[PDB]
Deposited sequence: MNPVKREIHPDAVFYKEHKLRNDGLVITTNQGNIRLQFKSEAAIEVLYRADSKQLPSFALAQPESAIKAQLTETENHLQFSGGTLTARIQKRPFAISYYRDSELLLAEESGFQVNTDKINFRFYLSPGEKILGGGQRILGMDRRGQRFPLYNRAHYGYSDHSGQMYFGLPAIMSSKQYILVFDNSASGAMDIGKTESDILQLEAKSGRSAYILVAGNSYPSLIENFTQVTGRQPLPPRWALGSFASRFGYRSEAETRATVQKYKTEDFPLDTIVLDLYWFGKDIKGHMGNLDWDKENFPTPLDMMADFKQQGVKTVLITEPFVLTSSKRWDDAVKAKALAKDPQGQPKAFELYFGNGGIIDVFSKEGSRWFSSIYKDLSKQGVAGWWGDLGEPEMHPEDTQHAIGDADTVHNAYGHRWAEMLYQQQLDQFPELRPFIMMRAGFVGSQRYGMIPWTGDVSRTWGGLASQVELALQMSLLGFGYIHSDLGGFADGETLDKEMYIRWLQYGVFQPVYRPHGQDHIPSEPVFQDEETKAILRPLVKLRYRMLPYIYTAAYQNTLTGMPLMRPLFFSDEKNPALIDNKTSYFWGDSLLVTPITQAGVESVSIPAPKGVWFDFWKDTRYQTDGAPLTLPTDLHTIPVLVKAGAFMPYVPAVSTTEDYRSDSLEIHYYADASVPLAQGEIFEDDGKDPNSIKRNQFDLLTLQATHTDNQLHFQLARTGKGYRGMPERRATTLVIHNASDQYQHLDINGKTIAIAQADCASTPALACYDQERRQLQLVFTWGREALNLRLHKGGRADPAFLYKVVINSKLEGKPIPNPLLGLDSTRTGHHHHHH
């Protein structure tokens, strides 16, 4: 039995005393509240909150039976007897405690019909209601089509009632989403912080904006993160690494970054981890190697791990420095990993952080451009291991998160004018604020492994991680390449956040090591990825601004149709492309559940209209099915080998016209690709395009804002291609100057305006300078 006794307001926070102790409620924004039970006791701080100390001004009202604590949009309604808190946005009940706070236990009611996304990486179905699973980051080597527990869990859910609930607790725990008791959501942990955070929104985009406002917004990654990565487990030598960079050049595939797995520090998988320094028998001139790659516009990224083995060169030093987690006796804790006997660097301590950070600094001075942190679950984490702030089981799910923070802060301190690249397997809610770019681990080389990636990506995207991606082509096991699967995976790759084929090196992961047919298929697609950089980089910009994920679920298309939540087969890549990956062999056609409206075949320009019924498209080996939304502006630049050469002096923009879309907007975000302060300081060039489409006219208004940046082109040569253009436009005005529209020979003359009757495309070619430009087509 729990009941209200009294309350106090203190520095904008409500402190309630029950018969069981104190509860502290603080609004972290108008739409988000932190609820801390056992508020009187000492416990671990928040990990989920970007500004854990903030408490914005709320209003408090009291009645006989209730308190009401209310920000702008979110209200907490506190029933006195029995004690229970429930949460309202407007007057809509979002979530109600059942027995609430009970070794740490939170129980809430679930509503009938309520669908619950969440839990981070699981392969269970998009709606996790009916499931129970651990909150314990753990490897799932070789997974395919099912997992209740893998590398990067999140103690958070997103409901069809448009709230996000975070269990702000780092410890070994569990989530029971109406499994044991059909109407009960239960959150449990062995130890750690007894708090939860509730965030509300009026739409899924606004909920996500509100969530990232309080948990952290991802800083814009360097533009090179959107390029082509060469990766395998693993390049065995400098000569092999150099030969791979060379193979990209001689096979004419784009390449931005090469990634070195654990052989850079020793010739065997076992026994060297912790060396954190070059194996000179196999990498004899690594500074020359990295400099030579930089001359070709290619970055070098190295793997690191949490573990220092007793057989490694840095064991004695790590012990001397007190850098490793300890046992209860105060000795360094050593335990038997696959790699040999070793300890774990205590990133929660001053000593471990300073020691590890010094190593990163040194290697980064040598030329390393970015960092890969593998095994941060931590993959092995014995229970008696003691960290500076608590035991292994208490801190487990925040280890990777703190490791990202340490490395992020380090990289900002060393290179304040560059954007850190930090790729890691395990984190916590909020890790995106340290730039964490996660991948879905050691996926099997099976169609099932591919078929799960959209579900995983959407689940992580929705709760903060825009750059979630997979090892393209698959990672684990296999004896010979499954060519069709590989092709499908690298096709899908183009339309998901990071283009990083990677796998165990008994089968080649890089597209340049494939047969002639595979390359003929993939080469134009990897170039397409580069041609599309203005589209992808603009979605990245919007992710930094608002948390809007790059991949969006089909359910965003109609928020009143909760049945769409189950879809894990078609997704939006940015605003305009509906993508349906092919995830089994031999598929001859697909049924695409396109939202009602007008849609075009990206590859063939075919126009489809639908009032609700799915569209059936045939498949081919060369592409995967992609539809463009009517009203899309699709921006392209010419293909480059590396983003170091990126220019937008030449722009090509495809507008998909249909009378059903009388107003359309597009934007292109351009900056120097590298300045971490470009957004904050307005050192960018934001191009805007507006189309107004009426019965007799099609009008485009073009403009630029921002203060620009060094090297920004003043005038861009622009080709605007209008798809599904009326054959009845007779003239064009460009800023009031009338230009005749040619009706022949458009591909074969330097025409300023020409209509291609066979393709229904109207091409305009002009100069887009700094002043506003209006293009008016008239019947």
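Gaps in the coordinates relative to the deposited sequence fall at 1 to 11, 114 to 117, 795 to 836.
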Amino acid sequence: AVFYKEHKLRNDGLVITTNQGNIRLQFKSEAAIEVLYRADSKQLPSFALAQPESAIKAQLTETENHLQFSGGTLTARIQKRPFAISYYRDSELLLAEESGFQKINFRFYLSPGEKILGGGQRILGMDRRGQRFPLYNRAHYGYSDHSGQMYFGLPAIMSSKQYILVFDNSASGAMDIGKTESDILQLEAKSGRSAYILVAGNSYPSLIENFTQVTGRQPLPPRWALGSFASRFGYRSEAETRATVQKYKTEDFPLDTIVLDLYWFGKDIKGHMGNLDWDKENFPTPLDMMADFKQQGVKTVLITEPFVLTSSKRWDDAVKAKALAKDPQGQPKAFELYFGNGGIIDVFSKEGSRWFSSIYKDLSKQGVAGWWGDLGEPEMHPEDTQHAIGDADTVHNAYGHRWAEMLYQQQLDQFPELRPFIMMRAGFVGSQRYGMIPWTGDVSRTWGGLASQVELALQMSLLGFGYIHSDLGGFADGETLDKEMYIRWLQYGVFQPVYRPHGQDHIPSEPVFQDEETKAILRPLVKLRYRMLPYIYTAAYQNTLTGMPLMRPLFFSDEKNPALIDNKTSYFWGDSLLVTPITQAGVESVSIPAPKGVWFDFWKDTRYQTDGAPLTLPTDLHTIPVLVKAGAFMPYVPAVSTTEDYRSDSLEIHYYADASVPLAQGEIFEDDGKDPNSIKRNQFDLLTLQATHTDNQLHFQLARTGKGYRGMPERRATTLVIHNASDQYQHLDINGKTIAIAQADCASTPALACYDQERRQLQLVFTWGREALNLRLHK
From here on, numbers count along this sequence of modelled residues.
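Basically, rigid core = biggest C-alpha set you can superpose within 1.5 Å across the two forms.
Stretch 334 to 342 is the one, of 132 to 140 and 334 to 342, whose CA positions lie farther from the shown form in 7 other deposited structures of this protein once all structures are superposed by the rigid core. Between the stretches 700 to 708 and 492 to 500, it is 700 to 708 that shows the larger average CA temperature factor. 505 to 513 and 74 to 82 differ in mean CA B-factor, and the higher of the two is recorded for 74 to 82. Of the candidates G201, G370, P438, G234, the deposited coordinates give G201 the top C-alpha B factor.
Of the candidates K527, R681, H140, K299, it is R681 whose Cα B-factor is highest according to the PDB record.
Among the modelled residues of its chain, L621 has a C-alpha B-factor that falls in the middle third, as given in the PDB entry. Per the PDB record, residue ranking by Cα B-factor puts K247 in the lowest third of the chain.
In the deposited entry, the Cα temperature factor of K322 places it in the highest third of its chain's modelled residues.
Among the modelled residues of its chain, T304 has a C-alpha B-factor that falls in the lowest third, as given in the PDB entry. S431 sits in the lowest third of its chain by CA B factor, as recorded in the PDB entry.
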